[PDB]
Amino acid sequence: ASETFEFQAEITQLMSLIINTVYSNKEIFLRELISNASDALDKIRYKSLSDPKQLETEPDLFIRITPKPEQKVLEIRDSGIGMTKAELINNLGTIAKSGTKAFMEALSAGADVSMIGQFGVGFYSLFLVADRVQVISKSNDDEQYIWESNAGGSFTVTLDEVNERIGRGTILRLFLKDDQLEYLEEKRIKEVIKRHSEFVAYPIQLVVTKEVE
């Protein structure tokens, strides 16, 4: 039960410009995804001030980062507001984003890639380190869906019958490039968070697998 959608043309250009013209300061992808997780968490918390029951699907407010080294995947999960199917479709690629063209012109003129979050398109920085991404999301107002893109001209949206149930929120599942596997490392992850994601109102958890011996 799987639909395909074409990306708005500037978004496709944006993604190409990120994958192919940007060389450094890649670690900023993690600040941007932590900022997005934090924005989603702010929104469910604010929503719950006048509708406490919204929190019941998942009472704990957190960000959690799960390196999956054998799969070469990094997951960034939040228990924020989540996105409905129509929200994944409208906001993750089909509709013109304010910022998209403006950001690409600032980049052309010499702007540091890190300014991407200030243009409201910092989601697409994930393509600095990942050649495939799934956004698995569960809004209180919809079923769990999977949005997926390999940075081509199109993305798919699919009713989620394959992943763990999230009570509420989003998993960013990044299929890292072979040159960017340092973001599977516990120490590298902690460093980038401590240096660049210093003021976050929510706990940030790191899931570590160790061998018992």
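Between two forms, the rigid core is the largest collection of C-alphas that superpose within 1.5 Å. Just count from 1 along the sequence shown to find any residue number.
The rigid core fit leaves 23-31 as the farther-lying stretch in 6 other deposited structures of this protein, judged by Cα positions and set against 23-31 and 157-165. Relative to the shown model and aligned on the rigid core, the C-alphas in 6 other deposited structures of this protein deviate most, among 117-125 and 95-103, for 95-103. Across the two stretches, 69-77 and 94-102, the PDB entry reports the greater mean Cα temperature factor for 94-102. When the mean C-alpha temperature factors of 168-176 and 23-31 are read from the deposited coordinates, 23-31 comes out higher. Per the PDB record, residue ranking by Cα B-factor puts residue 183 in the middle third of the chain. Residue 37: CA B factor lies in the lowest third for its chain, per the PDB record. Remark: residue 18 belongs to the highest third of its chain, ranked by C-alpha B-factor as recorded. In the deposited entry, the Cα temperature factor of residue 201 sits in the middle third of values across the chain's modelled residues. For residue 108, the recorded CA B-factor ranks within the highest third of the chain. Only modelled residues enter the ranking.
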